[PDB]
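All of the numbers you see were taken from the coordinates with simple rules; none came from a lab. All Cβ positions, even for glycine, are placed from backbone atoms using ideal geometry, and neighbour counts span all protein chains on display.
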Ligand SMILES: O=C(NC1CC1)c1ccc2c(c1)OCO2
């Protein structure tokens, strides 16, 4: 029932994501010189360095907020892809599956701890 445990759990998950070769296109903000029309399609850019920095600054209150930003990385890749078979989008799908598999217990434990706190 530790209400704070999610933070280190998220730091360790981000470390795993950075070791995954599938995270390469998402480790830093999308380069507008490489993808000139990016901001014509994507309203809110997001990347894993920004997520890690927000967490380390103490600017996430819960793992649900971190999860929303990580999911935005994947939805941006889906919205920008010219094809469902594209390399970067295909990497986003595998990384998404890996993230979802690992974040599930973080979310469940945090929500359970918070319900216990408010019992
Ligand atoms: O989201 C994309 N790029 C940013 C992560 C760096 C992205 C997705 C699919 C593509 C693509 C780019 O180029 C050809 O197919």
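Which condition number does residue 73 fail, the rest of (1) more than 16 Å from the ligand (Cβ to nearest atom); (2) under 14 Å from the mean Cα position of the chain (by Cα) being met?
Condition not satisfied by residue 73: (1).
Quick test of your reading of the structure: residue 97 fulfils all but one of (1) exposed (fewer than 15 other Cβ atoms within 10 Å of the Cβ); (2) under 15 Å from the mean Cα position of the chain (by Cα); (3) within 16 Å of the ligand (Cβ to nearest atom). Name the failing condition by number.
In the conditions (1) exposed (fewer than 15 other Cβ atoms within 10 Å of the Cβ); (2) under 15 Å from the mean Cα position of the chain (by Cα); (3) within 16 Å of the ligand (Cβ to nearest atom), residue 97 misses (3) alone.
For the range 65-94, what are the residues that are surrounded by fewer than 15 Cβ atoms within 10 Å (Cβ to Cβ) and under 16 Å from residue 10 (Cα atoms)?
Matches in the range 65-94: 65, 68.
Every residue in the range 30-44 that is within 9 Å of the ligand (Cβ to nearest atom) and touching a residue at least 12 places away in the same chain (Cβ under 8 Å), please.
Of the residues in the range 30-44, the ones within 9 Å of the ligand (Cβ to nearest atom) are 30-31, 34-35, 38, 42.
The answer is 30, 35, 38, 42.
I'd like the full set of residues that are more than 12 Å from the ligand (Cβ to nearest atom) and surrounded by 11 or more Cβ atoms within 10 Å (Cβ to Cβ), limited to the range 19-29. Even if it seems obvious, please write down each step before you answer.
First pass over the range 19-29, keeping only residues more than 12 Å from the ligand (Cβ to nearest atom): 19-21.
Across the range 19-29, the qualifying residue is only 20.
With respect to residue 114, determine if the residue is in contact (Cβ under 8 Å) with a residue 60 or more places away in the chain and either exposed (fewer than 11 other Cβ atoms within 10 Å of the Cβ) or within 20 Å of residue 8 (Cα to Cα) (or both).
Working: in contact (Cβ under 8 Å) with a residue 60 or more places away in the chain: yes; either exposed (fewer than 11 other Cβ atoms within 10 Å of the Cβ) or within 20 Å of residue 8 (Cα to Cα) (or both): yes.
It is true that residue 114 is in contact (Cβ under 8 Å) with a residue 60 or more places away in the chain and either exposed (fewer than 11 other Cβ atoms within 10 Å of the Cβ) or within 20 Å of residue 8 (Cα to Cα) (or both).
What do you reckon, is residue 13 closer than 21 Å to residue 97 by Cα and surrounded by 12 or more Cβ atoms within 10 Å (Cβ to Cβ)? Please lay out each step first, then the result.
On the way: closer than 21 Å to residue 97 by Cα: yes; surrounded by 12 or more Cβ atoms within 10 Å (Cβ to Cβ): yes.
Yes.
Give me a count of the residues in the range 45-61 that are closer than 19 Å to residue 106 by Cα and within 12 Å of the ligand (Cβ to nearest atom).
Going through the range 45-61 one residue at a time, the tally reaches 1.
Six or more apart or on different chains, Cβ under 8 Å: which pairs go from a residue in the range 86-106 that's on the phi > 0 side of the Ramachandran plot and touching a residue at least 40 places away in the same chain (Cβ under 8 Å) to one that's part of a helix (DSSP H, G or I) and within 11 Å of the ligand (Cβ to nearest atom)? Could you list them?
No pair meets every condition.
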